[PDB]
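A.B. asks: Numbering (the deposited numbering), first residue to last: 1 to 165.
Take this structure first; my questions come after.
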Amino acid sequence: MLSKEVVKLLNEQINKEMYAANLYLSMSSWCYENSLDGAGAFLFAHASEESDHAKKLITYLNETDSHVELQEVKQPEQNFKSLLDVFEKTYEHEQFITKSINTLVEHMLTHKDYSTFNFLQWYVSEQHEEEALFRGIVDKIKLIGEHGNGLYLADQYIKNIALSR
């Protein structure tokens, strides 16, 4: 079985992931409302992935005979200023999640929980992937600009990324 502190830390991580899902889900809808259906589809998919991250943690708890505690999920932001605003916030939130993961990994090493340390390597690896991905979207949106047919080209670029996965 796992220590009470770890279980508390994991239950906390599960909540963050559930929140991120709805946050992304919320940004997705805003994009659809502003004709950014490319970005809309991309974030809709991403919300599902984040939701899988939560279930994977719940499953680790279920198979260690640990008690799960689902807290309330706070309402997310419903309005944004633009395509770039949305993806800056998203990248921002991803970095926050990465940080949370590092703190968890650290706590496992200091408190000597090598199993959970092992199990979490998946998330370390995964966040490297997702942080790279979103950083790229932002730079890409800036490199294209809002001038000209920028928004259009930007939204189509993101649409391709969503399809290629």
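Beta carbons: idealized from backbone N, C-alpha and C, even for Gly.
#1: How long is the line joining the alpha carbons of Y19 and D139, rounded to whole angstroms?
#2: Does the distance from the CB of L10 to the CB of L70 come in under 8 Å?
#3: Helix, strand or coil for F80, going by three-state DSSP, please let me know.
#4: Does DSSP classify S51 as helix, strand or coil?
#5: Would DSSP call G148 helix, strand or coil?
#6: Kindly indicate which three-state DSSP category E63 falls into: helix, strand or coil?
#7: Taking the beta carbon of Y24 as the centre, do at least 16 other beta carbons fall within 10 Å, making it buried, or is it exposed?
#8: What first and last residue would you give for the alpha helix (DSSP H) that runs through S3?
#9: Go through the segment 99 to 158 residue by residue and report every complete run of the alpha helix (DSSP H) that reaches 4 residues or more, in order.
#10: Can you check whether the CB of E94 is closer than 8 Å to the CB of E131?
#11: Do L83 and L151 count as a contact pair if the criterion is CB distance below 8 Å?
#12: Using only the alpha-carbon positions, how far apart do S29 and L143 sit?
C.D. replies: Based on what the coordinates show:
#1: Computed Cα separation, rounded: 25 Å.
#2: Cβ atoms of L10 and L70: not closer than 8 Å.
#3: Coil at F80, not helix or strand.
#4: In this structure, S51 counts as helix in the three-state DSSP scheme.
#5: Coil at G148, not helix or strand.
#6: The answer is coil: DSSP assigns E63 none of H, G, I, E or B.
#7: Per the 10 Å Cβ criterion, buried.
#8: In this chain, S3 is not harboured by any alpha helix (DSSP H), its DSSP state being neither H nor E.
#9: The qualifying runs are 114 to 119, 121 to 144.
#10: For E131 and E94, yes; Cβs fall inside 8 Å.
#11: The answer is yes: Cβ separation under 8 Å.
#12: Taking the straight line from one Cα to the other gives about 25 Å.
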